[PDB]
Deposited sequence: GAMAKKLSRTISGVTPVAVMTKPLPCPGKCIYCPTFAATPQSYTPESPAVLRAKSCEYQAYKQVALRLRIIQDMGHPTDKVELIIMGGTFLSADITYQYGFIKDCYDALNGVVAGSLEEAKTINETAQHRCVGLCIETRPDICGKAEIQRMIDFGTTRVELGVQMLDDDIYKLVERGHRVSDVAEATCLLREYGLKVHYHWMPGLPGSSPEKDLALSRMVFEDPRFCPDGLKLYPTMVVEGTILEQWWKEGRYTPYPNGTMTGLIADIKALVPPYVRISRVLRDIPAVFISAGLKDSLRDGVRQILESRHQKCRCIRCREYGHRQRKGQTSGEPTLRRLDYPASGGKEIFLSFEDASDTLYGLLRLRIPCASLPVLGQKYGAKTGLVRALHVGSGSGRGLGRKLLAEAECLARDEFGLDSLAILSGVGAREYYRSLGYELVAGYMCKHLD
């Protein structure tokens, strides 16, 4: 029951230095120019406060709730701009949610912990090669809870729809780091990219879900299509690219959804979307991932929890919570008890089965109060508990 508030960043230059590169970097929304959010963003001159305020007005006019919100920074190039711009943009978002201006970002965050519109999640689109330790540290300062990597398709010989492009190595290194810091990892997935087949697309889709370097929490399926007035259109006119027949495409995405394991949230534009407690383990980036969930005999999902046994404790946790610290990466229950039941199970598994010294939860600022009522305390952006 979380409402998404998606805003765009201002057009930025290409992160890489190249005279062949375009003036402005390529965004995932370059081939979706008619999305309401994109159209609104342009109308507001890409102002953070103006966008969030306007989007709250639309949601309220529709009669939808706004007490639980997930901010979504769209662009994929956000983390490569001026540091002043990044923090300023985020600070604007929280101010709009709070309805009051603060003196700094951290003040706005702490204010949102108890405001009408809780920011229980904050997602940031970024690219595989723009997602290192430096970039991740900033996302913690923003209160980030989820990341969408512009993977698009998993092969270094398939043309990506952005400038330069990335390597598979960059995807694995970013995915590993994101997990070691307690973040959600979602991949942008778009079959039909130049230099690929319906076979290769589906092949790579099976690999990513049975390859420990990857195995994301969800996919955002972007069916590739020739939007007019774009580079890809030039290739269509020139016969250098031919889209998958409409019937073919609808068939391919269907096969993709079937491959997906149970722990994966398929997003679009078997999958996620009395009950008993279910458990599912799988390796990922060296460590172990534990997918807890509440489901009934009909296999309908009621709530989930993502517990990770990490390889290392990269977080800069306090002196008491030293080494041997586990990470609760997610906890969604779309409201009577399932929450604490799931969190209680994860605590024991970390103490009894893996002998971990404590747990840490990279929660959203608007959800911190929830974990406070269960014995957790804020430490360097994380909600922690000694766990005995």
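*Do you know which deposited regions have no coordinates at all?*
Unmodelled stretches: 1-12, 282-313, 318-332, 394-396.
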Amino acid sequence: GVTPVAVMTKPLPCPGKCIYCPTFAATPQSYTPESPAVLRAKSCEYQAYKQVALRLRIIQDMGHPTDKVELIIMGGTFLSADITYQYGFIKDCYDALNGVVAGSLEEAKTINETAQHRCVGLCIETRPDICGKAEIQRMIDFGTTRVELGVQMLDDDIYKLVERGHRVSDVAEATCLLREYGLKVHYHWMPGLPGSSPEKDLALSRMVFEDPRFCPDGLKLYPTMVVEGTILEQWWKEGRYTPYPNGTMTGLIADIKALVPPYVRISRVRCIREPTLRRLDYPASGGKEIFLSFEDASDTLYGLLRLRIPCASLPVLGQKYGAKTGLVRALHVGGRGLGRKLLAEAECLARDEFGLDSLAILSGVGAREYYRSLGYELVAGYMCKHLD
From here on, numbers count along this sequence of modelled residues.
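*Taking the mean of the C-alpha B-factors per stretch from the entry, tell me the winner out of 195-203 and 115-123.*
Of 115-123 and 195-203, the stretch with the higher C-alpha B-factor average is 195-203.
*asked:* Test of understanding: from the entry's C-alpha B-factors, which stretch has the higher mean, 47-55 or 356-364?
replied: Looking at the record's C-alpha B-factors, the answer is 356-364.
*In terms of the CA temperature factor given in the entry, to which third of its chain does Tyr241 belong: lowest, middle or highest?*
CA B-factor rank for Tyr241: highest third.
*Taking the values exactly as deposited, rank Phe214 by C-alpha B-factor within its chain and report the matching third: lowest, middle or highest.*
Middle third.
*Chain-relative CA temperature factor third for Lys10*: Lowest third of the chain for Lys10's C-alpha B-factor.
*Among all modelled residues of this chain, ranked by Cα B factor, put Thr144 in the bottom, middle or top third, i.e. lowest, middle or highest.*
For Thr144, the deposited C-alpha B-factor lands in the lowest third.
*Would you please rank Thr224 by its C-alpha temperature factor against the other modelled residues of its chain and give the third it falls in: lowest, middle or highest?*
Middle third.
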